[PDB]
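Take a look at this one chain, the form deposited in one PDB entry, written out in C-alpha cells.
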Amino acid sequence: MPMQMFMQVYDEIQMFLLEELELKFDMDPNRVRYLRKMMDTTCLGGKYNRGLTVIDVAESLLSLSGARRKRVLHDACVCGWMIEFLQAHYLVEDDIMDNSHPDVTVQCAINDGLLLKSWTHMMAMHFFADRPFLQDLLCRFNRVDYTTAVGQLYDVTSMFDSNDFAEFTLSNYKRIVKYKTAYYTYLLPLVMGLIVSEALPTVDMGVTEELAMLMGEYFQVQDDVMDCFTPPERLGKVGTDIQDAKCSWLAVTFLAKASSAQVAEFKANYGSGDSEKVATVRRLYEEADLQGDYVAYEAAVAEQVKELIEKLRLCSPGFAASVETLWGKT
C-alpha cells in the first residue's frame, strides 16, 4: 500500500507535468517523450526513503492528532516526490562535475538539472494551489535547498583555501554532513510530513533538528567506512574518497590519533589516484584501529538518537513513531 500509492501519484504527477508542457508550453510530442524518459531515468530506481518518510509521518499523525485522510495522504505523496525530484536534481548536478563545437549532452545535462528543480515548484504550485501551507511549504523547501548548496561548497572546498588539512576536524566534518546531507535527507521529509498533516507547530523542532543531524551523521560515518573498505562489487560503486581527498570521518579521526611521522606519510599519500598511495592510506587507517573506533562512535551516536526520540515523544507521540521507523532504516 505505501509504495503502491507512492508510484500511482508519480504517474499522476508526471502526466500533469507533461500535459502542462504540451498544453501550455507548446512542446512537441518528440520532446515530451524525451522528457518522460529523462524523468523516469533520474527520479525512479532508488529506494525512495526520503519520499516514503513523508507518507509515514503523515499516516502516524492522522492516527493521533475520511475526507481529510485521503487529502493529507495525497499531499504527502506529492511532497515525497518533491524531495525525490530534488534528489534527482542533485545527482544530475553531481554527474556534470565528473563527466568532464557545442557539447549537446552536457547542454542537455545542465538543462535536465534545471528542469528537475523547477518541476518541484511546478508540482507544488499545482497540487497545493488551494492549500493554506503552500507559501510556508515553498519557503521551507527553498531554504533547505539553499542549505544543501552551502553544504556542497563546504565539502568541495574542504581541502583548499577559497579564493590543506586545517579544516580536517570533527566539527567541520559535522558541518559538512549537516548542511550537505542531513537537512534535506532527514529533516526535510519530517517537516513536510508535519506540514501536510497540519501538525507543524505541535512538535519540538529543536529536538527534531538535533535528531536529523545525528541520524545523518550516523549514516555518513558508515558510508565513509564502506567507501574505503567495502569492495566495489559489494558497495555498488568504486570508492573514491581517498583519491578525491575527501574530508571523511576516517581522515579526521586518523589525524587526531596519528604520530607526527604517520601524518607526514598520510599527507604525502592522500588525494592521489595512484593505487599504492591509496593502499598506503588504507594501511594507515587499518593500523590505527579505525574500524574499532567506528563501532564505538556509531554506538554512542545511536544512544543519543535512541534517547532523543523520547523527548519528542513526551509532547508528540505519533511523530516519534515515524522518526523511529526512519532511524530504523538508518
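Note that the rigid core is defined as the largest set of C-alphas that superpose within 1.5 Å between two forms. A residue's number is simply how far along the shown sequence it sits, counting from 1.
- Modelled in this chain, residue 64 is nonetheless absent from a third or more of the other compared entries whose models extend past it on both sides.
- In this entry, residue 230 and residue 231 are joined directly, with no residue of the deposited sequence lacking coordinates between them.
- According to the entry, the deposited sequence places 4 to 9 unmodelled residues between residue 65 and residue 66.
- Legend: mean Cα B-factor per stretch from the PDB entry, 254-262 versus 83-91; the higher mean is in 254-262.
- As listed in the deposited structure, the average C-alpha B-factor of 113-121 and of 141-149 is greater for 141-149.
- Based on the entry's C-alpha B-factors, the most elevated value among 243, 107, 172, 202 belongs to 202.
- If you compare the C-alpha temperature factors of 100, 158, 222, 135 in the entry, 100 comes out highest.
- Ranked within its chain, residue 273 lands in the middle third, by CA B factor from the PDB record.
- For residue 29, the recorded CA temperature factor ranks within the lowest third of the chain's modelled residues.
- Per the PDB record, residue ranking by Cα B-factor puts residue 72 in the highest third of the chain.
- Among all modelled residues in its chain, residue 188 ranks in the lowest third by Cα B-factor.
- In this PDB entry, the Cα temperature factor of residue 176 sits in the bottom third of its chain's modelled residues, the lowest group.
The same protein also has a form deposited in another entry, omitted here; what follows describes it.
- Among the residues 126, 71, 237, 143, the single one whose Cα moves by at least 2 Å between the shown form and the other one, once the core is superposed, is 237.
- In a rigid-core overlay of the protein, residue 303 has its C-alpha displaced by under 2 Å between the shown form and the other one.
- Relative to the superposed core, residue 259 undergoes a C-alpha shift of no less than 2 Å between the shown form and the other one.
- With the core superposed, residue 268 shows a C-alpha displacement of at least 2 Å between the shown form and the other one.
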